[PDB]
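S.K.: Mind having a look at this structure? Questions to follow.
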Amino acid sequence: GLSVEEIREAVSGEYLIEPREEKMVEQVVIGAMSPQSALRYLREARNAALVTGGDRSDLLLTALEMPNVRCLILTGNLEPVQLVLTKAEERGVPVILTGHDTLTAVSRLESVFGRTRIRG
């Protein structure tokens, strides 16, 4: 398992929503395309992080309701809508923004596991 801070480090990201406590991330789900597909992958993942575009509002809001989502990694420097930030703050789920594109973010993250990179 990896800490959120280490994940932020790997993608040279920044916190839009800071964690209030330290929580481990065991798997990373790539939700680049179909939201229904990303959610199906998240269902099979424990203590997972979701990597997707900060513009994917509906997907992010649904993801923020799952019990197993521990972290959001937003790509393309796309700042999400207020609703997402508010829900993440309420849920206490850290939100990391990275300038990297989905592909590059994945490359960097794989360099920190690989078998723990599902979805896509």
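S.K.: Quick one: compute a quarter of the convex hull surface over the Cα atoms of the chain and quote it in nm².
M.R.: 5.9
S.K.: Go through 10-22, 73-85 and give me the packing order, highest mean Cβ count within 10 Å leading.
M.R.: 73-85, 10-22
S.K.: Suppose every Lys and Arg Cβ carries +1 and every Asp and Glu Cβ carries -1, with no other charges. What dipole size does the chain come out with about its Cα centre, to the nearest 20 debye?
M.R.: 480
S.K.: What is the sum of charges around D55, taking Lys and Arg as +1, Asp and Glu as -1, for the other residues whose C-beta is under 14 Å from the C-beta of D55?
M.R.: Around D55, the charge tally is -2.
S.K.: Around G31, with a cut-off of 9 angstrom between Cβ atoms, what is the net charge of the other residues, counting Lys and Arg +1 and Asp and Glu -1?
M.R.: After counting each charged neighbour, the total is +2.
S.K.: Using the charge dipole of the chain (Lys, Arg: +1 at Cβ; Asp, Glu: -1 at Cβ; taken about the Cα centre), state which of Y41, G53, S3 has its Cα farthest towards the positive end.
M.R.: Comparing the listed Cα positions along the dipole, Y41 ranks first.
S.K.: Amide H neighbours of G99 under 5 Å, at least 5 residues apart or on other chains, H built in the peptide plane: list them.
M.R.: Close amide H contacts, sequence-distant or interchain: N77.
S.K.: Here's something else I'd like to know. What list of ³J(HN,Hα) couplings, whole Hz, do you get for the stretch 61-73 from phi and the Karplus terms 6.51, -1.76, 1.60, once you set θ to phi - 60° and write x for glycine and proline?
M.R.: With coefficients 6.51, -1.76 and 1.60, one gets 4, 6, 4, 5, 9, 5, x, 8, 7, 10, 6, 10, 10 Hz.
S.K.: Return the FRET efficiency for the residue pair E21, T104: r is the Cβ-Cβ distance, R0 is 30 Å, and the value is rounded to the nearest 0.05.
M.R.: 0.55
S.K.: Where both partners of a DSSP beta bridge lie in the chain, what percent of those bridges are antiparallel, to the nearest 5?
M.R.: 25
S.K.: What ³J(HN,Hα) values, in whole Hz, does the Karplus curve 6.51 cos²θ - 1.76 cosθ + 1.60 give for the stretch 104-109 when θ = phi - 60°, with x put for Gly and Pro?
M.R.: Rounded to whole hertz, the list is 5, 4, 4, 3, 4, 5.
S.K.: Ok, one more. Excluding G76 itself, what net charge comes from residues whose Cβ is under 12 Å from its Cβ, given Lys and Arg +1 and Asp and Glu -1?
M.R.: Summing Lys and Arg as +1 and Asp and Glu as -1 gives -2.
S.K.: For the chain, what is the calculated [θ] at 222 nm in deg cm²/dmol (nearest 500), taking -39500 (n - 2.57) for each run of four or more DSSP H residues and dividing by its residue count?
M.R.: Calculated mean residue ellipticity at 222 nm is -9500 deg cm²/dmol.
Only the coordinates and a few stated rules stand behind these numbers; no lab work does. So basically every Cβ, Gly included, is an ideal-geometry build from the backbone, and we count neighbours across all protein chains shown.
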